[PDB]
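Residue numbers (the deposited numbering), protein chains in the order written: chain A, 11 to 225; chain A', 11 to 225. A prime marks a further copy of an entry chain.
Where is the CB? At the ideal position from N, CA and C, for every residue including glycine.
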Ligand SMILES: CCOC(=O)c1cc(=O)[nH]c(=O)n1[C@@H]1O[C@H](COP(=O)(O)O)[C@@H](O)[C@H]1O
Ligand SMILES: CCOC(=O)c1cc(=O)[nH]c(=O)n1[C@@H]1O[C@H](COP(=O)(O)O)[C@@H](O)[C@H]1O
């Protein structure tokens, strides 16, 4: 991804979301869009962003249902133009396989969320996360998400998935993660509030990129 | 809920969804709407259903993000008119608390999903599910979801949450669960495909209700 930086666009107003994304477009090639924006403005926002900005769109929908419903969610998401979807691994292998099947059908990608970045992730997810990652490997998953807030976990995840797999990482900035440390293990970082709540989002993105180039 | 039966409306077309829901409305007072329908037709479908049918709407969004994003998802969902939202417990207590805070702010309800109904739930969720339920109790959660496909698990969940908590249960019909057995432990059953894919959905719903009355 351009500059190894993915914008997490979680503003809930189309005008604000379009303004900020346009301001930082010179510094990214990929926007993560999630439910805060889609549930506020509609699924048509994905194709609008894709067109206006010529970016790739990752739909961060944290898909976490039974296989049959997962199929439906993935199909709707790819029909709306998303390039990839983020899927939880905690519901197990059949749930993940259902997403992979739709992605194969529609020429798209699945990212497997293995261990989350917030404090509550320690309660249940962390203890399963190595297994969730190994499940991903055994299903043929090539794209993963793991936590900037715990780079030792992010190192262990990289160890399981190998060097060829693509790994993106949220929790940089607001949640306490560091760009440079996270990029020791992840291929790209996801950044939301540190950019989209900044007085000058372009300057915030530029500042991050400057520190990335320095790596 | 009327007749202890909740319709899982996962058709992806507004016309089909409206037709089936209207056909079975005499037999339910509550419709579960999830992402298959919302991502296909928009969040406005919730208020449309609420108005047309005068039902309660449970938004089955399986909320499973970090606390700050969970807040945003819940706020958007309640603004759209949903009476309650289904939340995953696997992301831990802060993620669940964020949903409870918004529900308290907006006079709504959270349902905690504790153990899922599909085969993959055995891999990671089942081993954490008793703890997830006890976490719910300790957070003050009063509404829960657990699996029709495993009534011995559904008995254990009821045991943890007590008799005053409200427990609803999917997996009846298509996934192999039985109405009567499930209602030994759950207060209401969720039924999707056995009704909405039936040649005569009203007759399917009526058949289920007849077996429920017999209990
Ligand atoms: C299931 C959500 O998927 C994610 O991308 C995600 C996983 C995770 O463990 N942590 C995490 O923060 N995210 C998402 O990544 C974004 C982080 O934004 P921010 O903290 O504002 O920089 C936000 O959209 C959040 O929902
Ligand atoms: C996270 C989804 O929340 C649920 O209600 C759910 C949890 C679960 O463990 N199992 C389960 O089947 N469900 C949902 O309940 C519905 C079951 O529909 P059906 O199998 O067609 O009768 C469907 O919407 C499914 O997504």
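For residue 55/A, the enclosing alpha helix (DSSP H) has its first and last residue at 54 to 63.
In this structure, the beta-carbon distance from residue 127/A to residue 189/A does not fall below 7 Å. Look at residue 46/A': its C-beta is under 7 Å from a C-beta on chain A.
Assigned with DSSP and collapsed to three states, residue 125/A falls in coil, not helix or strand. Chain A places no beta carbon closer than 7 Å to that of residue 199/A', leaving this residue out of the contacts. Residue 20/A counts as buried, since no fewer than 16 other beta carbons sit within 10 angstroms of its beta carbon. Just so you know, the alpha carbons of residue 75/A' and residue 106/A' end up roughly 9 Å apart.
Distance from the CA of residue 54/A' to the CA of residue 62/A, rounded to the nearest whole angstrom, comes to 25 Å. Sequence-distant partners of residue 142/A (beyond 5 residues in either direction) whose C-beta falls short of 7 Å from its own C-beta, in its chain, are 99, 100 and 124.
For the C-beta of residue 50/A', the chain A residues within less than 7 Å are, from N- to C-terminus, 86.
Contact note: residue 130/A' reaches chain A through 101, 102, 103, 104 and 105, using a C-beta cutoff of 7 Å and chain order.
Judged by beta-carbon spacing, residue 41/A' lies beyond the 7 Å limit of residue 212/A', meaning their Cβ atoms are not closer than that value. Nearest CB-CB separation between residue 121/A and chain A': not below the 7 Å threshold. About 31 Å separates the CB atoms of residue 116/A and residue 134/A; that is not less than 8 Å, and the two are not in contact. Only buried fits residue 80/A, as 16 or more other CB atoms lie within 10 angstroms of its CB. Rounded to the nearest angstrom, the Cβ distance from residue 14/A' to residue 200/A' is 10 Å, too far for a contact under 8 Å.
At least 7 Å separates the CB of residue 59/A from every CB of chain A'.
With its beta carbon less than 7 Å from one in chain A', residue 82/A belongs to the interface.
For residue 63/A, the nearest beta carbon of chain A' is not closer than 7 Å to its own beta carbon. By the neighbour-count criterion, in which a residue is buried when 16 or more other Cβ atoms sit within 10 angstroms of its Cβ, residue 220/A is exposed.
The nearest non-hydrogen atom of ligand 1 is less than 6 Å from the C-beta of residue 126/A. Any Cβ of chain A closer than 7 Å to the Cβ of residue 138/A' would place that residue at the interface, and such an atom is present. The CB of residue 76/A comes closer than 7 Å to the CB of 126, 127 and 128 in chain A', given here in chain order. Beyond the five residues adjoining it in sequence on each side, residue 139/A comes within less than 6 Å, by CB distance, of 124 and 125 in the same chain, given in chain order.
In this model, residue 130/A and residue 210/A' are separated by some 45 Å (Cα to Cα).
The C-beta of residue 163/A' has 16 or more other C-beta atoms within 10 Å across all chains shown, which makes the residue buried.
With 16 or more other CB atoms across the displayed protein chains lying within 10 angstroms of its CB, residue 153/A' is buried. Per the C-alpha coordinates, the member of 159/A', 91/A' and 73/A' positioned closest to residue 83/A' is 73/A'. Between residue 184/A' and residue 204/A', the C-beta spacing is below 7 Å. Residue contact check for residue 116/A' against chain A: no CB pair falls below 7 Å.
Runs of the alpha helix (DSSP H) lying entirely within the stretch 23 to 93 of chain A, each at least 4 residues long, are 24 to 34, 45 to 51, 54 to 63 and 77 to 89 in chain order. Per DSSP, the continuous alpha helix (DSSP H) segment holding residue 111/A' begins and ends at 103 to 116. Around the beta-carbon of residue 194/A', fewer than 16 other beta-carbon atoms lie within 10 Å, marking it exposed. Under the Cβ criterion of 7 Å, residue 19/A' is not counted among the residues facing chain A. Of the candidates 122/A', 158/A', 90/A' and 69/A', the residue whose Cα lies closest to the Cα of residue 43/A' is 69/A'. The DSSP-derived three-state label of residue 183/A' is coil.
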